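First, one chain by itself: the form deposited in one PDB entry, in structure tokens.
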């Protein structure tokens, strides 16, 4: 009975968000407006026996939000939750301070509506301006206006440019994602593509097509909260299981049934089996590294006897290389689906996730060791360098994540 409020920022933020609410709606049998599962967690009971999502659509430009509003779901969202006011993280981190008040009026209100709020989900992108700039700002404010309230995020990492400063905004955000966020579901645009392109066969994969994937995961990873059971009914119940120590709290995901249309047999076996095949992992990396915990959420019929049998085959084929300094264990979670074949979702805190952070700095340093485009960011309270404060921090994240693969740990 724990509520979750969702903050959607920037195009990226608000587009994976649109899809997100399109997906959950389908499941809970809600129409683009209104109507045993737990809807409360993500929805609110309208003053007309109808439904509306606990979502805050924030953007610094009208284009994207009006597409949603001039769409089939315009009637779903809570009108007073839609806010509209730069390209730079500085410009984004900026206006937030400017829009602060106007924003929390919507944030604190939904914050009231909830009786037992757990925390916040922030959909957004790391590159870009608003998502990172405004988003980093919120992540700092949220960490004060609500100190106990947990914070998770679905952060979209850029593909592999055409922004020029992605490596800037990105570092400046990864910081606020390291210390001002409890859980960090990492969505790698590169990885999303490969799939869309490969395991789907689309030469020029669009964002709609790409976001269709993200919705699936954004959707699956929250099934145990919406079709609740005895164990795993708190968001903190999931994250806790995936985060032994702080900082190290960046996860990577993956889904099994991705294509086709018949097979001879598809059991939970080849479902857990594939979730470890990196080809299905939505992140890009390039011995040593190992998982720090693994979760698998299977939907539909399963009979927990078969599951023990699947783990064993893994233990002997050594398919999963876990940490050396502790209990190598993967958690399964047999969740339901909505009343409308198997299906599996993996969420892991794996070491090589440091790879993306590394891939970002090298780009940063390079662009930094030339004082590149520093003219636009230094255009508002960047009369020195918070930049350095961030790099160092991010380096810490790469330091512990690697140090995490050492038996010493």
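Rigid core: the largest C-alpha set superposing within 1.5 Å between the two forms. Numbering follows the first chain given and starts at 1.
J.: Between residue 286 and residue 287, how many deposited residues lack coordinates (none, 1 to 3, 4 to 9, 10 or more)?
T.: Missing in between: 4 to 9 residues.
J.: Which fits the stretch between residue 331 and residue 332: none, 1 to 3, 4 to 9, or 10 or more deposited residues lacking coordinates?
T.: The entry leaves nothing out here.
J.: Averaging only over Cα atoms, indicate whether 185 to 193 or 302 to 310 has the higher B-factor in the PDB entry.
T.: Stretch with the greater average CA B-factor: 302 to 310.
J.: On average, are the C-alpha B-factors higher in 377 to 385 or in 57 to 65?
T.: Per the PDB entry, the higher value belongs to 377 to 385.
J.: By the entry's C-alpha temperature factors, tell me which of 244, 129, 72, 257 sits highest.
T.: Of the options given, 257 has the highest CA B-factor in the PDB entry.
J.: Per the entry's Cα B factor values, which of 372, 346, 353, 30 stands out as the maximum?
T.: Largest recorded C-alpha B-factor: 372.
J.: Could you look up the Cα B-factor of residue 319 in the entry and say which third of the chain it sits in: lowest, middle or highest?
T.: Highest third.
J.: Lowest, middle or highest third of the chain for the C-alpha temperature factor of residue 174?
T.: Middle third - that is where residue 174 ends up once the chain's C-alpha B-factors are sorted.
J.: Could you tell me which third, lowest, middle or highest, the C-alpha B-factor of residue 100 occupies within its chain?
T.: Tercile = middle for this residue's CA B-factor.
J.: Going by the recorded CA B-factors, say which third of the chain residue 214 sits in, lowest, middle or highest.
T.: It falls in the bottom third of the chain.
J.: Looking at the C-alpha B-factor of residue 261, is it in the lowest, middle or highest third of its chain?
T.: Highest third.
The same protein has a further form, the form deposited in another entry, not shown here; the description that follows concerns it.
J.: Is residue 24 one of the residues whose Cα moves 2 Å or more between this form and the one not shown, with the core superposed?
T.: Result for residue 24: no, shift under 2 Å.
J.: C-alpha of residue 312: shift of 2 angstroms or more between this form and the one not shown, rigid core aligned?
T.: Passes the 2 Å threshold, so yes.
J.: Aligned on the rigid core, do the two forms place the Cα of residue 382 2 Å or more apart, comparing between this form and the one not shown?
T.: Passes the 2 Å threshold, so yes.
J.: Against the shown form, C-alpha atoms of residue 387 and residue 123 in the other entry: closer or farther, for a change of 3 Å or more?
T.: Relative to this form, farther apart in the other entry.
J.: Versus the form shown, are the CA atoms of residue 171 and residue 401 closer or farther apart in the other entry, given a shift of 3 angstroms or more?
T.: Compared with the form shown here, the C-alpha atoms of residue 171 and residue 401 sit closer together in the other entry, by 3 Å or more.
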